[PDB]
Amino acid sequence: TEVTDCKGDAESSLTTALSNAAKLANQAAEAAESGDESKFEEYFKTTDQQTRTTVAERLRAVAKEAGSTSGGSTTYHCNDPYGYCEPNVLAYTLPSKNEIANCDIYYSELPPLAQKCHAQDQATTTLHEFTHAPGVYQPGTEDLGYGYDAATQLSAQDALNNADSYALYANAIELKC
């Protein structure tokens, strides 16, 4: 990604989150490719190979995008330059522009890395947002279910196309939960 619009230690929060998102996304891609079927099914509601392949491809693409700070297909603003953040929103993506920005509460309300199952953190919020960018992998995902219950109660095709499903799966793989 092209990191821009950064100030302070928040810049380091973002670069840490990018590097962690890359590792988490590669690890989750490996799980989708070759890991436990039941765990995959918990999040994506199927064991079918084509779905596993698509999830893995999307995650591998996210990992590559997260692995640069002056490159790739997206632009990542440390801070919202436009005023598009709404109350309680951590970050957002403009899919037609492949542009991502964090809201201020990303920095005040999230740990870098959650220790608890399904809990939000900077790395997985960043991972979530990359899935929305069609330039990373098309189609961009939608916001169909946020958090464990809403995301995992989606149907298979909605989960496949739901950003938070990827964040949740990546957290579950890392935490072994």
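From 1 onward, residues are counted along the sequence shown.
Undergrad: Should the higher mean CA B-factor in the entry be assigned to 30-38 or to 136-144?
TA: The entry gives the higher C-alpha B-factor average to 30-38.
Undergrad: Using only the Cα atoms and their B-factors as the entry lists them, report which of 40-48 and 123-131 averages higher.
TA: Comparing 40-48 with 123-131, the higher average CA B-factor belongs to 40-48.
Undergrad: Against its chain's modelled residues, does residue 102's Cα B factor rank lowest, middle or highest third?
TA: Answer is lowest: the recorded C-alpha B-factor places it there.
Undergrad: Just say lowest, middle or highest third for the CA B-factor of residue 164 relative to the other modelled residues in its chain.
TA: It falls in the bottom third of the chain.
Undergrad: Hey, what third does residue 66 fall into on Cα B-factor, ranked over its chain?
TA: Ranked within chain, residue 66 CA B lands in the middle tercile.
Undergrad: In terms of the CA temperature factor given in the entry, to which third of its chain does residue 117 belong: lowest, middle or highest?
TA: According to the entry, residue 117 has a C-alpha B-factor in the chain's highest third.
Undergrad: Looking at the entry's B-factor column for C-alpha atoms only, identify whether residue 96 ranks in the lowest, middle or highest third of its chain.
TA: Ranked within chain, residue 96 CA B lands in the highest tercile.
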